[PDB]
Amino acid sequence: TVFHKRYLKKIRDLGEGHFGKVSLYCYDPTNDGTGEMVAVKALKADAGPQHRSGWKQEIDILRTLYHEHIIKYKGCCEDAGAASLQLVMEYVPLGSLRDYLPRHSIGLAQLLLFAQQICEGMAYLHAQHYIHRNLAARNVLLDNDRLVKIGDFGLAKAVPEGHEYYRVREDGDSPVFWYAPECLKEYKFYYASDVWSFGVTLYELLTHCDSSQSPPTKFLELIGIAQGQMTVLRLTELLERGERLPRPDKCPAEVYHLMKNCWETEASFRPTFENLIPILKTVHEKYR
């Protein structure tokens, strides 16, 4: 599928992804303003060959994914400037849970439904042999009060069939506060590492993405802000000691224990996304 840049009318900027900026455009070939609203992700023109090969990998990944809880790929646009492809995706109207939750008080049952849907989309992703590596409330988009979709595949990687993990690089942009200890210490990302990040995302939802309760805020309160190059080492050490993010206010005790089970230090003790689906369905039913 191909979109022409001459019909793309920029409305506003939506934010910054991993490889570049996301903008909202009206794709209007008739010029009558009745065209579809689309989210367009672009690679910064100044980016090097490392970001360029990774950007092409992200497009390749999103083009192959098709799920009700995964942002819909619409096509690509020939960017004459930057000499690359612009990723055309569906506009998800309510935006990210990070932006939405602080301004709209959502009930516990609805948050658990969002958690269930995240697990459904993540179970499909893992079945396709991919790891997400950036599962956070910031990357979860809300279509309506009852539908959520996973976004930003900028860190997503293919896991070979014979392998259970992918070896990661020492990176400044890594979302360390959403990462399992095996990622921080051994630079290995397992399917089970995405489950750890889900536990963190669930914590975020239960706090209504309150910035004063965010994973960086809480972990840095424990680590301190004057630790030289040792923030990650101190994070690794507290996690190994069994320290964890606290129970969000009004989060049921059993839901917090499910969260802590996503945060097992031993990756094999964590549930898979497939195990989480029937559990979250039952928990959502109890609270609805």
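Numbers for residues come from their place in the sequence shown, where the first is 1.
Undergrad: Pick between 91 to 99 and 194 to 202: the one whose mean CA B-factor in the entry is higher.
TA: It is 91 to 99.
Undergrad: Read off the CA B-factors in the entry, average them over 212 to 220 and over 146 to 154, and name the higher stretch.
TA: Comparing 212 to 220 with 146 to 154, the higher mean C-alpha B-factor belongs to 146 to 154.
Undergrad: Using the entry's values, work out which of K260, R234, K250, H69 has the largest Cα B factor.
TA: Largest recorded C-alpha B-factor: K250.
Undergrad: Among the candidates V255, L245, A45, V40, give the one with the maximum CA B-factor reported in the record.
TA: In this record, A45 carries the highest C-alpha B-factor of the candidates.
Undergrad: Using only modelled residues of the chain, where does the Cα B factor of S105 rank: lowest third, middle third or highest third?
TA: CA B-factor rank for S105: highest third.
Undergrad: Check where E266 lands among this chain's C-alpha B-factors and tell me if it's the lowest, middle or highest third.
TA: Its C-alpha B-factor belongs to the middle third of this chain's values.
Undergrad: Using the B-factors in the PDB entry, rank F19's C-alpha atom against the chain and give the third, lowest, middle or highest.
TA: Highest third of the chain for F19's C-alpha B-factor.
Undergrad: By its CA B factor, does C77 count among the lowest, middle or highest third of the modelled residues in the chain?
TA: Highest third of the chain for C77's C-alpha B-factor.
Undergrad: Lowest, middle or highest third: where is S84 by C-alpha B factor in its chain?
TA: Highest third - that is where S84 ends up once the chain's C-alpha B-factors are sorted.
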